[PDB]
Structure formats: structure tokens, C-alpha cells
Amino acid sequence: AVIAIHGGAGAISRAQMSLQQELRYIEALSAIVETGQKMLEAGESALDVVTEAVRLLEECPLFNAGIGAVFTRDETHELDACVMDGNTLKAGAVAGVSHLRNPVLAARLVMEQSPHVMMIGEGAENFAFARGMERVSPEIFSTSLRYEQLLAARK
């Protein structure tokens, strides 16, 4: 039994970070793989383990998913998630959602409760709200760090 996680790949410079900044990432990554290793150890499903690990990465403002989502060219947030169950080969996905705190949870909902693999935009949101998921403002995903990265990407 085994888990891996990622919090995204790309242009990270050692020159751009203090050890104390890098340690927040290492601490966040260890705490989430730990949660998953314990779930696995306890006999939780691969599906509930990747769902919880990605919901935690979503909650963590360090990672570009849920809270700490990057900003679009329009200074908005637009979130996408997928889950796939290797046992049934069932899959579910949402794209272009702004009002769902945990997209991977809406993805799971679509996988379990939709004839379709994929829903988009307000329709995906309304599907999720029709099944008890709460509506949030896109403002909750916004962080100072990701905003400054937008201005730097512009500038």
C-alpha cells in the first residue's frame, strides 16, 4: 500500500526562497502524505485516500488548487478537478468552477451521481448545490502570493 502527492511542477529557484519558506512546503507535503499513509495503513480505499489528500492540497494556500488558486488574466479564479476509480474505471470531473470550495469533492460527486464524466461552469456548480455542496465566493481562493505572481507575470 502506497501514496504519492504533488503540489505542481515548474520554475522554482533556490535563489528565490529562504530555507524557512521551503520548509513550509516540505512540512505541508509531509503532513498530507502522512494523513494518506495512515488512511491506507488503516484500510481506507485508494479513492477516499486520493480524495482526502487532494482536498488537503486544495485547503493548503501554498498549492495552486482551491485556496491559493492562481489568478486568470481577468483577476478571477477558475478551478478544475478530476477523480478516477481504478476499481470501477469510473471517473468524474468539473472544469471552470468558481463557487465550489473543493473541486475534487464536486468531481467525486459527478463521478458517483452523474451519467457524465464531466460538467462545466455554473451547470457543474448547480449540480453540486442540488446535492448539498455549499456555494462560496471566488474571493476565498485569493492569496497575496498568487496575486503578486500575477502582476510579475504581467510585468
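Rigid core here is just the name for the largest C-alpha set that superposes within 1.5 Å across the two forms. Numbers for residues come from their place in the sequence shown, where the first is 1.
Between 111 to 119 and 40 to 48, which has its CA atoms farther from the current form in 8 other deposited structures of this protein, using a rigid core superposition?
With the rigid core superposed, the C-alphas that lie farther in 8 other deposited structures of this protein are those of 111 to 119.
Report the stretch with the higher root mean square CA deviation, pooled over structures and residues in 8 other deposited structures of this protein, choosing between 139 to 147 and 16 to 24 after a rigid core fit.
When 139 to 147 and 16 to 24 are compared in 8 other deposited structures of this protein, the bigger C-alpha shift is seen for 16 to 24.
Output the stretch having the higher mean C-alpha B factor in the entry; the candidates are 10 to 18 and 138 to 146.
It is 10 to 18.
Pick between 81 to 89 and 67 to 75: the one whose mean CA B-factor in the entry is higher.
Higher of the two, by average CA B-factor, is 67 to 75.
Select one of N102, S114, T51, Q37: the residue whose C-alpha shows the highest B-factor in the crystal structure entry.
Out of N102, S114, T51, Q37, the record gives the largest C-alpha B-factor to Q37.
Ranking every modelled residue in this chain by its Cα temperature factor as given in the entry, which third contains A153?
Within its chain, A153 is a highest-third residue by C-alpha B-factor, going by the deposited values.
Quick one: classify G43 as lowest, middle or highest third of the chain based on its Cα B-factor.
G43: CA B-factor falls in the highest third of its chain.
Please rank the C-alpha B-factors of the chain's modelled residues and tell me whether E58 sits in the lowest, middle or highest third.
Answer is lowest: the recorded C-alpha B-factor places it there.
Considering only modelled residues of the same chain, in which third does the CA B-factor of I26 rank: lowest, middle or highest?
Top third by C-alpha B-factor.
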